[PDB]
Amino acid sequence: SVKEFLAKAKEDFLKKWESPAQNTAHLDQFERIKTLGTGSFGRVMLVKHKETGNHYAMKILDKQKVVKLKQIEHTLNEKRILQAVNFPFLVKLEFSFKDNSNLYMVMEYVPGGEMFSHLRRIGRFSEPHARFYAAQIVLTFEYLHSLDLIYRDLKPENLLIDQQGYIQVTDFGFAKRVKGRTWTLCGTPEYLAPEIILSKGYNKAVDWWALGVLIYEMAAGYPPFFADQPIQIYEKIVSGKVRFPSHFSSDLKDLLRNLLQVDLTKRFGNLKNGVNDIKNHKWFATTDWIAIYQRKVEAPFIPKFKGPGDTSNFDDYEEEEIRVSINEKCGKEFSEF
């Protein structure tokens, strides 16, 4: 049963949430290969675990930049949550640790590359292709929300394709365990729900709105609200008018009018029937959820894998020396990491 699985899932999560794993590896157990991606206060690198020969992806966050951009609390959220969760489509945290300069999170290496890269290159995905990914995001948000977690940073930039062509969700930087409502103005301009922009309080429904932006971008090739300047993007999100490409199917557009819904009383995911309003939507009719969860379904796209440690699915980034200061920076701020 789903309730049964989730109840067992919750009991597993809670024991880890209350008793977080900490300091389970050290920088020197890993050989650094290549920068796979960057962010405002850090970067992610392909690494190899010396003792087993396994490959992993290591996220390195600069503590001082986290503080300058006031992201201390957000970062503690990310690790605490990530180590407690366990789902087929979540990038697994294999180990975490910190040093004088940085925080470290060592995740499974997902060799297929970012959805973003494939999306911009190909232009757009077919609907059955976009659906296969969307279904996985749907199950993942069901899992996540059942734990009282809000995700808040969905975008193609934050989704990876695995070796059998299934999706893996990454970046828990804005994720938060919250039962009530919250106020932080955060996320990516194109993906912000209107309630975030207008400084109202908000909840898990912002994730379902973001899913709507994602599905639209995957199927259209561009986002529903864009302009040269964020101020102008907000003016567009807030006005709420949305236009769809002519090739979007009816089921798709309907699904999106409901996810991209400014009225919180009407947004899909946020109603009485919860996520089932989405799983049972016509656009997903051909989707077998159990088979999807069991990974028994054939993926629409199997990435080219030219061997272990291959990185040809990621862009090249300027390599910077990973410098670790001789002084502890911001020790008190990150004590529990």
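So that the term is clear: the rigid core is the largest set of C-alpha atoms that superpose within 1.5 Å between two forms. Position 1 is the first residue in the sequence shown; the rest follow in order.
Two stretches, 273-281 and 59-67, are weighed by how far their CA atoms sit from the shown form in 9 other deposited structures of this protein after rigid core superposition; the farther one is 59-67.
After superposing on the rigid core, the larger RMS C-alpha deviation in 9 other deposited structures of this protein belongs to 236-244, the other candidate being whichever of 236-244 and 214-222 remains. Mean C-alpha B-factor is higher over 253-261 than over the other stretch, the pair under comparison being 253-261 and 120-128. Remark: stretch with higher mean C-alpha B factor among 3-11 and 328-336 is 3-11.
The residue among 108, 162, 235, 217 whose C-alpha carries the highest B-factor in the deposited model is 235. For the set 61, 69, 297, 45, the maximum C-alpha B-factor listed in the entry falls on 297. Residue 304: CA B factor lies in the highest third for its chain, per the PDB record.
Annotation for residue 84: C-alpha temperature factor in the middle third relative to the rest of the modelled chain, per the entry. Per-chain ranking of the deposited C-alpha B factor places residue 241 in the highest third.
Residue-level temperature factors show residue 189 in the lowest third of its chain, judged at the C-alpha atom. Residue 197: CA B factor lies in the highest third for its chain, per the PDB record.
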